[PDB]
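Undergrad: would you be able to build a 3D model of this:
(one chain, ligands or ions: 2)
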Amino acid sequence: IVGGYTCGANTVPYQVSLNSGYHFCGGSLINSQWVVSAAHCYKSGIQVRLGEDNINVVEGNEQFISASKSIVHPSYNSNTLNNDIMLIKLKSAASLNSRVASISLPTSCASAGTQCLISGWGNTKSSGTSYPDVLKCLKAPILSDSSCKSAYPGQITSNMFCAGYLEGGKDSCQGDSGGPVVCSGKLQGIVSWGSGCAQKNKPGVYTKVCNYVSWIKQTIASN
Ligand SMILES: [Ca+2]
Ligand code: NA
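TA: Numbering: from 1, shown residues only. Ligands and ions are numbered 1, 2, ... in the order given. The relevant structure is shown in the block below.
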């Protein structure tokens, strides 16, 4: 997260860190056994880390649970990032409480101009590299489809939306991938891609979760 703020410990209780010996992506807890992330975050060996603030210090509220199964979207295209969504099933159920909690799936898609909360442990610089230990947050508005398509001509599908600031300076970034975009208490986006981070006229691009709710529900009900 570039240009954001320190969230505060466990104030984003649905945020997870995906670990393969090191933090590599975010995710969102949607019930006690399932996490939603980005398909481009797929790795063979994944441990889900819930209740994290500092990802390099055991502070007392963590749950570390290995994945039993990953399910990349059937239509995921790694070239275009169309359908950049994956479900991860936990080997054992998380214990839900104040610091570890699920985020609701959307019934409606999100509205242009809604300010959403984007969070993660990704790079905090638009040029250079600095990775935080504690969870970072950003308030960012949903941009119109027209503005998004103008920013990334020939690249935005119906399964993507832009959020952030055309002036630059505030955005998600590498290492935030797979994490949440929460708008009005619903998971509306997944950190997916962008040209650099926090660059002028190059806002973040996010997987449009409202298009996948039927797939998510059907998949959870059968696995
Ligand atoms: Ca920790
Ligand atoms: Na809704």
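Undergrad: can we go C-alpha only for contacts and neighbour counts from here?
TA: Noted.
Undergrad: leaving out chain neighbours, which residue sits closest to residue 170?
TA: Of all residues not flanking residue 170 in the chain, residue 3 sits nearest, at 4.5 Å (CA to CA, 6 or more residues apart in numbering).
Undergrad: ok, now which ones touch the closest residue to residue 188 other than its chain neighbours?
TA: Spatial nearest neighbour of residue 188, excluding adjacent residues (CA to CA, 6+ apart): residue 209 at 5.1 Å. Residues in contact with residue 209 (CA atoms under 8 Å, 6 or more residues apart in numbering) are 105-106, 109, 159, 187-190.
Undergrad: check residue 63 too.
TA: By CA under 8 Å, 6+ apart, the contact list for residue 63 reads 49-51, 94.
Undergrad: same thing but 10 Å
TA: 16, 48-52, 94-95, 100 (CA atoms under 10 Å, 6 or more residues apart in numbering).
Undergrad: so which bits of stretch 118-132 are buried?
TA: Neighbour counts over stretch 118-132 (16 or more other CA atoms under 10 Å) mark 118-126, 132 as buried.
Undergrad: so how far is residue 201 from residue 135?
TA: Distance, residue 135 to residue 201, using CA to CA, to the nearest Å: 26 Å.
Undergrad: with residue 160 instead?
TA: Counting by CA to CA, the separation of residue 160 from residue 201 is 17 Å.
Undergrad: that older thread, tell me the most packed of the contacts of residue 209, by neighbour count.
TA: Within those, neighbour counts (other CA atoms under 10 Å) peak at residue 189, which reaches 33 neighbours.
Undergrad: wait, it touches residue 119, no?
TA: No - in this structure, residue 189 is not within contact of residue 119 by CA atoms under 10 Å, at 11.2 Å.
Undergrad: find residues that contact each of these two.
TA: Common neighbours of residue 189 and residue 119 (criterion: CA under 10 Å, 6+ apart): 179-182.
Undergrad: from those, which is closest to ligand 2?
TA: Closest approach between the shared contacts of residue 189 and residue 119 and ligand 2, by CA to the ion: residue 182, at 10.8 Å.
Undergrad: which residues sit in contact with that closest one?
TA: Contacts for residue 182 (CA under 10 Å, 6+ apart) come out as 12, 28, 103-106, 110, 115-119, 139, 188-190.
Undergrad: does residue 58 touch residue 49 like I think?
TA: No - using CA under 10 Å, residue 58 makes no contact with residue 49, being 11.0 Å away.
Undergrad: the contacts of residue 63 in strands, which ones?
TA: Residues of those located in strands (DSSP state E): 16, 48-50.
Undergrad: doesn't residue 147 lie inside a helix?
TA: Yes - membership of residue 147 in a helix is supported by DSSP: H, G, I helix; E, B strand; the rest coil.
Undergrad: and it, how close does it get to residue 32?
TA: Using CA to CA, one gets 37 Å for the distance from residue 147 to residue 32.
Undergrad: tell me the spacing between the residue most central in space within the chain and residue 206.
TA: Taking CA atoms, centre = their mean, the centroid of the chain lies closest to residue 179, which sits 1.6 Å from it. Going from residue 179 to residue 206 by CA to CA gives 10 Å.
Undergrad: which of the buried residues of stretch 118-132 sits closest to residue 167?
TA: Nearest to residue 167 among the buried residues of stretch 118-132, counting by CA to CA, is residue 126 at 12.8 Å.
Undergrad: contacting residues around that closest one?
TA: Shown in contact with residue 126 (CA under 10 Å, 6+ apart): 1-3, 168-173, 196-199.
Undergrad: what parts of the chain come near ligand 1?
TA: Residues of the chain that fall close to ligand 1, judged by CA under 5 Å from the ion: 52, 54-55, 57-58.
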